[PDB]
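Please read the structure below before turning to the comments.
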2 protein chains.
Amino acid sequence: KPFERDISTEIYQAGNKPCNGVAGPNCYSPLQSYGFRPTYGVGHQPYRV
Amino acid sequence: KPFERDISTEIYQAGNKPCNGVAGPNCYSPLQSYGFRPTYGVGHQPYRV
């Protein structure tokens, strides 16, 4: 929804099997870390918004 | 404005005093030179329009 903050960090139970706090099939961590390297070209560099 | 050409090079007066036509602190030339090399990454190739 517009102007909403989603900080709940759980292994996303997309599938019918509980992820049991661990990774597995149909259980992927929704949070992903940005890879910002000095060698990374423009377009993938960290931009402040 | 649409269909306008700006060629006069005025040093940007970011400070309270005029740059007096010379470079220095808070005095930047608006014109920026492109760097065109074949090894440049995504988004940097020269294009004729």
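Chain labels follow the order of the structure tokens: the first chain is A, the next B, and so on; residue numbering restarts at 1 in every chain, and ligands are counted from 1 in their shown order.
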
With chain B laid on chain A by least squares, using all C-alpha atoms in order, how large is the RMSD?
1.4 Å

Chain B residues near chain A (10 Å cut-off, only C-alpha atoms) as a PyMOL selection string:
chain B and resi 40-44

The selected residues should be written to file as a CSV table (one decimal), in the first residue's frame (atoms: N, CA, C and O atoms).
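So the final result, stored in result-v3.csv, reads:
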chain,number,residue,atom,x,y,z
B,40,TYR,N,34.5,1.1,-21.9
B,40,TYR,CA,33.6,1.6,-20.9
B,40,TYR,C,32.3,0.7,-20.8
B,40,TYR,O,31.9,0.1,-21.7
B,41,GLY,N,31.8,0.7,-19.6
B,41,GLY,CA,30.7,-0.2,-19.2
B,41,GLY,C,29.4,0.3,-19.8
B,41,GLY,O,29.2,1.1,-20.7
B,42,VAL,N,28.3,-0.4,-19.2
B,42,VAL,CA,27.0,-0.2,-19.7
B,42,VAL,C,26.5,1.3,-19.5
B,42,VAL,O,26.6,1.8,-18.4
B,43,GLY,N,26.1,1.9,-20.6
B,43,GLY,CA,25.5,3.3,-20.6
B,43,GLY,C,26.5,4.4,-21.0
B,43,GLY,O,26.1,5.5,-21.0
B,44,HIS,N,27.7,4.0,-21.4
B,44,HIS,CA,28.7,5.0,-21.6
B,44,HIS,C,29.2,5.2,-23.0
B,44,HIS,O,30.0,6.1,-23.3

Name the residues in contact with stretch 23-39 of chain B at a cut-off of 6 Å, using only C-alpha atoms, excluding same-chain residues fewer than 2 positions from it; report them as a PyMOL selection string.
chain B and resi 11-15

Name the residues of chain B that come out as strand (DSSP E or B) in a backbone DSSP run; write them as a ChimeraX atom specification.
/B:12-13,24,27-28

Write the residues of the preceding selection, restricted to C-alpha atoms, as an mmCIF file, in the first residue's frame.
data_model
loop_
_atom_site.group_PDB
_atom_site.id
_atom_site.type_symbol
_atom_site.label_atom_id
_atom_site.label_comp_id
_atom_site.auth_asym_id
_atom_site.auth_seq_id
_atom_site.Cartn_x
_atom_site.Cartn_y
_atom_site.Cartn_z
ATOM 1 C CA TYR B 12 29.264 28.416 -11.005
ATOM 2 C CA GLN B 13 29.134 30.847 -8.068
ATOM 3 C CA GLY B 24 38.558 27.470 -6.946
ATOM 4 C CA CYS B 27 33.648 27.456 -8.302
ATOM 5 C CA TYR B 28 32.975 24.774 -10.924
#

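One finds atom CA of residue B:3 at 15.2 Å from atom CA of residue B:49.
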